[PDB]
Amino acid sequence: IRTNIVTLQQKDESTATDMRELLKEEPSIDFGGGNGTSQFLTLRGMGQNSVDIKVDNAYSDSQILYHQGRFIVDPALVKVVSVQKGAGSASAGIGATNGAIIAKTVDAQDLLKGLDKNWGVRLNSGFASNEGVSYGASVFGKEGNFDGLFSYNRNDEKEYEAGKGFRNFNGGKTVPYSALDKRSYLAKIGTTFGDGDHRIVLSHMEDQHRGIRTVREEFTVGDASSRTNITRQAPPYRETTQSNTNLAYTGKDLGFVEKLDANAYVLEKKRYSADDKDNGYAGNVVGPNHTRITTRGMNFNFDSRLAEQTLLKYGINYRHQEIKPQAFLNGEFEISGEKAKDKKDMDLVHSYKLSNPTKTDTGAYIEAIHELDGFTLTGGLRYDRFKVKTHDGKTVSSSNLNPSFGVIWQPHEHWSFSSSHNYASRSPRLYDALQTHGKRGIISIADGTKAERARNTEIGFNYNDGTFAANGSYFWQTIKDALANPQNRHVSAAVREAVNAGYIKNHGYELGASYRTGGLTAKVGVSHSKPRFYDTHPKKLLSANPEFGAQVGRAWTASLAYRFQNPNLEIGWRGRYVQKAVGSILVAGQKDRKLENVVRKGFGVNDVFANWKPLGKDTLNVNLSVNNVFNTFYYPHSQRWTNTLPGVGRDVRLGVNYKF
């Protein structure tokens, strides 16, 4: 009945092989068009510059390049995915100025669900009309106090075709260079000891998109006239990869500490180009190019019980980030054609000895939870410190004290009410990994620049009597000292700096209602937001790039589904409709290369779907779907407004999964 979370068993009844399709019933997240990292993400209209994907509680905030979205995990690795729309209190961790996607990798215990034994094999296959094929396999089990798992998954997707009316630069229906060969695996071993009180989990996960991909992944190929032509978009072979090595600890009843949760991880993002020759951003490195972002981090979270219903929570977060290119290239630095200035400038850039940019985030927090007779009060405090070192070796540091509090009030067994007022900070992000080389100039940080500081406020209610269900939230957010890294990535300027450049206001709401009577499930959801960026700098420093957000149109979703008892079988309808949207995220208007009058056409997608459980149980699903049944030609709103990447046209899908 809840659209904000999807569980594993739910996903086994589903035919989708990426997050955007998996979460399409949740209205306050929106995805852009295109495949893999073509996709930008928004939460309440706010972009990946602000919203993190945390998997097993490991996450970074750096990007590869402003023309592509931050990597979004492959759902076949996860036992559960949540959207926390809100933020969270003092113990949410580093940078939680907005909500997040939260995901946890799958477990032996999870894969074992269907079965009457301690070991197992899983096989899946999928076929998609528009257009691709997927298969994988998984082995897992538990013995003595150990659990272990190995999973392999591959989704080979061809170029997809848009809905009725869209044409290619060469007259065809498909989206050029939208093919990716997607591979992922997971190795996991865990142990439970200390008379069942202590648990250790060690895991390694790879997730790799490989294919023929444009310079700027957010665009395809337009005709020879447009800035988007075949030699300007210049598609070589590329491999983009997320990796994650995680060590997780969990203790209960450890003296005066009631619960301890700890984790240490390494997180790598790599970009491999076969030939970056015709890619200016990467510096036209001829042949093989490798860019890497490494994130090391550590979290310790403690809970001590102070009275029968009063918990004290305290802990530490440390995160280190390192951008690491193949090689610096500020040597090749060049300005086009007072130009006396240019010359003193090329000179400057050439004499610079560049090094790997780094960012350390440290946090400590304390939080109290007091609960009495259906009324819960949470109050809390964080100290956030950061250190940023740019590729020019310059170091800037700041710290903040962040208070937060909230209440949950439950007067009655069907109803509950919540609100909160949280402060949180986010430290400047490092400039695009792919430009770190310096060819286009030095990217520094001005003296004394501060963390963006967010004030989040919200109220909501929740109602559920086993048959009707309903939920609502209203939220407000101010972000002060919004950071702007230097926005123009074309153009060669000698020294430019990240600064506090203005402030951000956003407000809006979501509603959900549902009805479930033996077999029949009905759901509706609506969500609307209003992110607005204000420049407080003479130079208007803020930008309308999708990484930041977009004014999405009011989004409505709905589904209707019936589960039969004979056979075990569910048929369903699902739709997402988004209304006409008007306006930039920027108050001062956004501009071409001149003032753009932004309007995003509205559109409606319908899907039908089926899930057939032939053995009367969860070990074999045969699923069938038809997505975008009317073959609606449209463009998602979470992306630029000039007609970039369409949403997939009618797609038909059949997937099977089988544990035994």
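One-based numbering along the sequence shown.
The entry models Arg593 and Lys594 with a gap of 1 to 3 deposited residues left without coordinates.
The entry shows a gap from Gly337 to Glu338, with 10 or more unmodelled residues of the deposited sequence in between. Looking at mean Cα B-factors across 217 to 225 and 434 to 442, the upper value is held by 217 to 225. Annotation for 197 to 205 versus 251 to 259: the higher mean temperature factor (C-alpha) is found in 251 to 259. Residues shown: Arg167, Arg554, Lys523, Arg455. Highest C-alpha temperature factor in the entry: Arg167. For the set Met298, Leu123, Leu541, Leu401, the PDB entry assigns the largest Cα B-factor to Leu541. In the deposited entry, the Cα temperature factor of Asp61 places it in the middle third of its chain's modelled residues. Compared with the other modelled residues of the chain, the Cα B-factor recorded for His421 ranks in the lowest third.
For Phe461, the recorded CA temperature factor ranks within the lowest third of the chain's modelled residues. Among all modelled residues in this chain, the alpha-carbon of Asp345 has a temperature factor (C-alpha) in the highest third.
For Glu332, the recorded CA temperature factor ranks within the middle third of the chain's modelled residues.
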